[PDB]
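Peer 1: Let me begin by handing over the structure; questions about it come next.
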Amino acid sequence: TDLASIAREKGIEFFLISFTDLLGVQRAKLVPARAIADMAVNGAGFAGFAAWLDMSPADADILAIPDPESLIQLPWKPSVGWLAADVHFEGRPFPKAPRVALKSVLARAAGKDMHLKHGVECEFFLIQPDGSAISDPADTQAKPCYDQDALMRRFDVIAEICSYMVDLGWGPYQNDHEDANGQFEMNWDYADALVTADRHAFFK
Amino acid sequence: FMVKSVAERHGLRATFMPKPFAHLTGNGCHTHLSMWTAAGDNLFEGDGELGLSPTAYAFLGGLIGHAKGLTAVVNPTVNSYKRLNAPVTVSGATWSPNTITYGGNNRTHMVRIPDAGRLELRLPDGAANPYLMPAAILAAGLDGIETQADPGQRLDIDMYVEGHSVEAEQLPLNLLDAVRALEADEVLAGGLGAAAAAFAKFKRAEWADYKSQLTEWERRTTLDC
Ligand SMILES: Nc1ncnc2c1ncn2[C@@H]1O[C@H](COP(=O)(O)OP(=O)(O)CP(=O)(O)O)[C@@H](O)[C@H]1O
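For the protein sequence lines, the chains are A and B, in the order given. When the first sequence is numbered by the numbering used here, its final residue is 259 and no position is left out of the sequence of numbers. When the second sequence is numbered by the numbering used here, its final residue is 1404 and no position is left out of the sequence of numbers.
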């Protein structure tokens, strides 16, 4: 996959070359389109100790090699392209990196012709910017699950994200107000574990 | 009067309110009772279970038999019914009655038998009239004696826990039902004279006044109906 050509074709001006650390933190570097070909082949350098990877400030940089098939133009900002990456250290995948660790287990299972597929139901709350209370002061009842009123009160945000997921080809199919006040969930189709994992990281 | 007056002199205030705080134990007025001859003999003292006489058990039989109407008088306020049949408190027990039952040395019942020769009625609260309470208790107790009332079976269990696995009559759940019961109780009403009907009139009006008060709880739970 020719990221440089895609950038010109799709009008992508910056790429986020991203990896997930041991604490689930999304680590990313913002690279201008002019530099993507270099990063695609060689990876993007990061000081590994600065993320949750259990390294040393004395270690050589890790190189995050992007998976070109993971490319997502941010639906809310299409001029930026997100890529999930495998952390490499000293010329090979780094076993302490989550995505690398997953791919290792998947390869052992695949060797036995067993392929994991999964789907995730990622519940979340919508809260005030300061985090102190839910976003909807009118969502108060003891049993709020599937509350039509509170659900529609957040239609704009929920509908925007659902429609992004349609466009992204994830096959979204239901959006719910969940059992806690202020809590929601948006489902999408299961897939090969690696695909779902990347989608999961991006979704949040 | 003394307690209120003195508290006030100390910059404090005393209340005998039955249930002044939602999640805390309420104010009881536990009443210990026995009947004596003029010669000075305690008629409750006896050779029956727990050192009680048949007279004692009959008197109790009257308390049990007339419990619903008696509740109107010894639990005379709307608030009284938040002390009775209350949800468990922070301290782990309400220490008030829920059911028309009696035990031995057991504080989970309507009546407790603390020792030989007396009964503890745990039903009354701090709003109980100092004169009407003993009067209604006596009226009921006398009818029990006169009719040789059977109080039924003593329950040696914790009613708060091991009470759902037994047949026990529930106390009136509000002032309205208590007053309804007092009005239907010929012995109590008749025993108290014209006081009973006048008392019932006032308590009915109090209950109606209570009904008309709009509460914050109803607003929170009903505005979105
Ligand atoms: N054979 C399969 N293997 C793995 N995941 C699957 C699967 N079949 C369906 N899924 C996925 O599991 C997730 C949940 O599916 P579904 O909504 O049908 O279950 P459920 O109804 O118990 C969820 P909820 O309680 O929120 O409605 C979805 O992502 C779905 O794609």
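Every residue, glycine too, gets a C-beta built ideally from N, C-alpha and C.
Is there a Cβ of chain B sitting closer than 8 Å to that of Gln196 of chain A, yes or no?
Peer 2: Yes - at least one Cβ of chain B is within 8 Å of the one on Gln196 of chain A.
Peer 1: If you measure from the CB of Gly224 of chain A, is any heavy atom of ligand 1 nearer than 7 Å?
Peer 2: Flag unset: Cβ of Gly224 of chain A not near ligand 1.
Peer 1: Considering only C-alpha positions, which residue in the set A:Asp93, A:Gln238 and A:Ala106 is nearest to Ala83 of chain A?
Peer 2: The shortest C-alpha separation from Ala83 of chain A is found at A:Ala106.
Peer 1: Counting Cβ pairs closer than 8 Å, one from the segment 1256–1272 of chain B and one from the segment 1195–1209 of chain B, do we hit at least three?
Peer 2: Yes, they touch.
Peer 1: Which same chain residues, not among the five before or five after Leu1371 of chain B, have their C-beta less than 8 Å away from its C-beta?
Peer 2: Cβ within range, chain order: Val1252, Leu1311, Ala1314, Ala1315, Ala1318 and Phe1378.
Peer 1: Can you find a heavy atom of ligand 1 that lies under 7 Å from the Cβ of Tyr1260 of chain B?
Peer 2: Answer for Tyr1260 of chain B: no, Cβ out of range of ligand 1.
Peer 1: Pairs of beta-carbons, one from the segment 1210–1225 of chain B and one from the segment 1285–1305 of chain B, closer than 8 Å: are there three or more?
Peer 2: Touching, per the Cβ criterion.
Peer 1: Using only the heavy atoms of ligand 1, determine whether one of them is closer than 7 Å to the beta carbon of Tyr245 of chain A.
Peer 2: True, at least one ligand heavy atom lies under 7 Å from that Cβ.
Peer 1: Run through chain A and tell me which residues come within less than 8 Å of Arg1399 of chain B, C-beta to C-beta.
Peer 2: Per Cβ cutoff of 8 Å: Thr195.
Peer 1: Roughly how many angstroms separate the alpha carbons of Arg208 of chain A and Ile61 of chain A, rounded to a whole number?
Peer 2: About 38 Å.
Peer 1: Below 8 Å between beta carbons: does that hold for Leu249 of chain A and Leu157 of chain A?
Peer 2: In this structure, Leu157 of chain A lies closer than 8 Å to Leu249 of chain A by Cβ.
Peer 1: Which first and last residues belong to the beta strand (DSSP E) in which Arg1297 of chain B is found?
Peer 2: Segment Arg1297 to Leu1300, the beta strand (DSSP E) holding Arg1297 of chain B.
Peer 1: Could you tell me if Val1358 of chain B is buried or exposed, where buried requires 16 or more neighbouring beta carbons within 10 angstroms of its beta carbon?
Peer 2: So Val1358 of chain B ends up on the buried side.
Peer 1: Considering only the alpha carbon of each residue, which of A:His143, A:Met241 and A:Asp194 lies closest to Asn230 of chain A?
Peer 2: The option with the nearest alpha carbon to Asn230 of chain A is A:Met241.
Peer 1: Using a Cβ-Cβ cut-off of 8 Å, state whether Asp1403 of chain B counts as contacting chain A.
Peer 2: Chain A, which has a Cβ nearer than 8 Å to the Cβ of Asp1403 of chain B, makes this yes.
Peer 1: Going straight from the alpha carbon of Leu1302 of chain B to that of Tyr1281 of chain B, what length do you get?
Peer 2: Approximately 11 Å, taken between the alpha carbons.
Peer 1: CB of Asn242 of chain A to nearest heavy atom of ligand 1: below 7 Å?
Peer 2: Answer for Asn242 of chain A: yes, Cβ within range of ligand 1.
Peer 1: Could you please give the first and the last residue of the uninterrupted beta strand (DSSP E) stretch that includes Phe144 of chain A?
Peer 2: Its beta strand (DSSP E) spans residues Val135 to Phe144.
Peer 1: Let's see if you can read the secondary structure: which residues bound the alpha helix (DSSP H) around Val1185 of chain B?
Peer 2: First-last of the alpha helix (DSSP H) with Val1185 of chain B: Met1181 to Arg1188.
Peer 1: Pick out whichever of B:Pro1197, B:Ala1186, B:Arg1188 and B:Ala1193 has its Cα sitting closest to the Cα of residue 1409 of chain B.
Peer 2: Since the first residue of chain B shown is 1180 and the last is 1404, residue 1409 of chain B is not available in this structure.
Peer 1: Excluding the five sequence neighbours on either side, which residues of its own chain have a C-beta within less than 7 Å of the C-beta of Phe149 of chain A, listed in chain order?
Peer 2: Hits under 7 Å: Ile117, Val142, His143 and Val155.
Peer 1: Could you tell me whether the segment 167–184 of chain A touches the segment 129–140 of chain A, using the rule of 3 or more Cβ pairs below 8 Å?
Peer 2: Touching, no, given that fewer than three Cβ pairs across the two stretches are closer than 8 Å.
Peer 1: Thinking C-alpha only, which one of B:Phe1238, B:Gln1332, B:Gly1320 and B:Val1257 is nearest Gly1283 of chain B?
Peer 2: Checking every option, the nearest Cα to that of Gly1283 of chain B belongs to B:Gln1332.
Peer 1: Do you know offhand how far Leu161 of chain A's Cα is from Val221 of chain A's?
Peer 2: The straight-line gap from Cα to Cα measures roughly 27 Å.
Peer 1: Applying the 10 Å Cβ sphere with the 16-neighbour rule, what's the burial state of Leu1191 of chain B?
Peer 2: Per the 10 Å Cβ criterion, exposed.
Peer 1: Identify every residue that forms a DSSP beta bridge with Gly1207 of chain B.
Peer 2: In DSSP, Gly1207 of chain B forms a bridge with B:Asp1304.
Peer 1: Rounded to the nearest angstrom, what separates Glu1348 of chain B and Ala1246 of chain B at their Cα positions?
Peer 2: Near 10 Å, if we compare the C-alpha coordinates of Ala1246 of chain B and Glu1348 of chain B.
Peer 1: Nearest-angstrom Cα distance between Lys132 of chain A and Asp253 of chain A?
Peer 2: Answer to the nearest angstrom: the Cα atoms are 19 Å apart.
Peer 1: Have a look at B:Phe1180, B:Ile1292, B:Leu1402 and B:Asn1258 and flag the residue whose alpha-carbon is nearest the alpha-carbon of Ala1235 of chain B.
Peer 2: Out of B:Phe1180, B:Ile1292, B:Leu1402 and B:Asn1258, B:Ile1292 has the C-alpha closest to the C-alpha of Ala1235 of chain B.
Peer 1: If you draw a straight line from the alpha carbon of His1343 of chain B to that of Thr1268 of chain B, how long is it in whole angstroms?
Peer 2: Distance between the alpha carbons of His1343 of chain B and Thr1268 of chain B: 18 Å.
Peer 1: Enumerate in chain order the residues of its own chain whose CB-to-CB distance from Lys151 of chain A is below 6 Å, with the five nearest sequence positions on each side excluded.
Peer 2: Excluding sequence neighbours, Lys151 of chain A sits near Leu108 and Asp109.
Peer 1: Where does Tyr228 of chain A fall in DSSP's three states?
Peer 2: Strand.
Peer 1: Can you grab the Cα-Cα spacing for the pair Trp243 of chain A / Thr251 of chain A, in whole Å?
Peer 2: When rounded, the distance between both Cα atoms is 10 Å.
Peer 1: Within the same chain, show all residues whose beta-carbon is closer than 7 Å to that of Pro1351 of chain B, passing over the 5 residues directly before and after it, in chain order.
Peer 2: Result list for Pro1351 of chain B: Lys1247, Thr1250, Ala1357 and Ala1360, in chain order.
Peer 1: Tell me whether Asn97 of chain A is buried or exposed, calling it buried when 16 or more other Cβ atoms sit within 10 Å of its Cβ.
Peer 2: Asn97 of chain A is exposed by the Cβ-count criterion.
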